[PDB]
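Only one chain is shown below, in structure tokens, and it's the form deposited in one PDB entry.
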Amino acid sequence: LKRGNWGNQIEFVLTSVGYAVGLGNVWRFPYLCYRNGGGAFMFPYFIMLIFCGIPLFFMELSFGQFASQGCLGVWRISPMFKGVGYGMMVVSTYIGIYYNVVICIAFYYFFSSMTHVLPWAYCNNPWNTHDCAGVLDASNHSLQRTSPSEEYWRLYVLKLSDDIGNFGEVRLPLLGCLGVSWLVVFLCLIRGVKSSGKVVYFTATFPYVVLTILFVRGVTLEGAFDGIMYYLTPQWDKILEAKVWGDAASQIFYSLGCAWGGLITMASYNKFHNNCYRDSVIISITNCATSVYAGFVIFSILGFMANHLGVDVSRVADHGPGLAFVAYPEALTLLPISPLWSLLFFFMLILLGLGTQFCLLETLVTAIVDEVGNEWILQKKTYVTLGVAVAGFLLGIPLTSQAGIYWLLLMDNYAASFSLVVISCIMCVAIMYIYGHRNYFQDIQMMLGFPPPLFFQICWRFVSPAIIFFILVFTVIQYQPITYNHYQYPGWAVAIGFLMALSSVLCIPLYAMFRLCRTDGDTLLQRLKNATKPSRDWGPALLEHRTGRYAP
């Protein structure tokens, strides 16, 4: 009742868009599009969005909107797969631990960019080496190809270590930046005025303005003409191979943030009679448009750098933090007034990270609150938020150590790759195959006011589970040990990452022991029949909305 509602649908749309658009749309998508064929890769991309992304997004949004309960509540349909919700928390923990750290790094790149002359531009500093031949050097990759930005990142932002067990003194600037980031998130998420409602306006709109300013500065007369023909070229003969289709499906699934407790949490707070069908296609379209726009803004300046360096664009191209912190800044430093575009870029990165961390902390907080929901624990939601924030800050300290980025990449690659796919597959199977497709269809028709579109039904029953199984199989078949620029992680890392992935994957089958022998456990067929039929509680979480068929 007093859980609160959005009050304005624009608020929900903006918060959801801010969560959907993450840092992946900045570095992961442009390089993937460049590497995976060429400008034709959009055809495997958007088609997947039509058949994989939008249906799953609609499923999650309708699930949350009708359930009117958090990450754990939505699973009151079958009180056996509730552990899936538990898993949806655990992954939401891991990302929430290693997302802020990235923000932390970006935060350290924000204040350091307020100086008159950029610190990662000139090789006259005392942390340089003999291999600092940079472009702005007026006064062994191939021969000495170590740009000053990479040197600054490797030697001053965090002193990289050789092994993984080498843990030196913690990086004090990174500790301070992580503390500032966590404090900002908590102070915004106080719910004293709103559940980050009227503060998600700026954090969800300003990144678009910054991207627009960057685009106008990057498509002016700079020589960045052969910087878009390498991103908008018709390499049609690279759509036959299954690898590009698998990568497109993976990007569609991971970029949209499906099935880790993000969409469900803020879909729960929605009013019941909300056109969630309109509220899913719109957000998916904005996410894809943002990815496309980022594919232009970065690559324009990358082509400018390629022209100024006398090399082709393929020489300068990175997939993750390499593009964010050492490739893009080394190109931004060459503009006539650099520490304004650099400031805008880092501010936009901070805003994009916050747009997702807000939702992650909301998901964890609302799950914890709704699990033990009484008139006591709803009165002190802010205290729970403070406790979870301090726990996240304390747990994230080792990731700002000398070997922080190794563990960051390990957690990114392992802890939230298999578990997401498995969780989504299990939820998709259970929702319309264990509970029933027709019951869910009439349930959706109850809330939307119209039957679901004739295409979404056949996409839910057939196309979406098949695509999820396909991406699972492609992930299983395509696997290589996680490696840095040049480093092979020993067992101390691969085994640990496997254990972290299992700590979320196995969370589902471990719930099967909570169904004790009291629930008619013997005669296994009867026990399976029970503990999965919806109880007297599942349904709309309000009165005057029973509509006869629910609780006469």
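Throughout, we count residues from 1 along the sequence that is shown. Whichever C-alpha set is largest while still superposing within 1.5 Å between the two forms counts as the rigid core.
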Original post:
Residues with no coordinates between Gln480 and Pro481 in the deposited sequence, how many: none, 1 to 3, 4 to 9, or 10 or more?
Top reply: none
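One more form of this protein exists, namely the form deposited in another entry; it is left out here, but the text below deals with it.
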**OP:** Select from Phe111, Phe167, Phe347, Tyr201 the only position whose Cα moves 2 Å or more between the shown form and the other one when the core is aligned.
**Re:** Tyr201
Original post:
By the 2 angstroms cut-off, has the C-alpha of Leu240 moved between the shown form and the other one once the rigid core is superposed?
Top reply: yes
**OP:** Tell me, please, whether between the shown form and the other one the C-alpha of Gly179 is shifted by 2 Å or more, with the rigid core used for superposition.
**Re:** no
Subject >> Rigid core superposed: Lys529 CA moves 2 Å or more between the shown form and the other one >> reply: no
Original post:
Hey, the CA atoms of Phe272 and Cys188 end up closer or farther in the other entry than in the shown form, with the change being 3 Å or more?
Top reply: farther
**OP:** Indicate closer or farther: the Cα atoms of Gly497 and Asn485, in the other entry, relative to the displayed form, with a change of 3 Å or more.
**Re:** closer
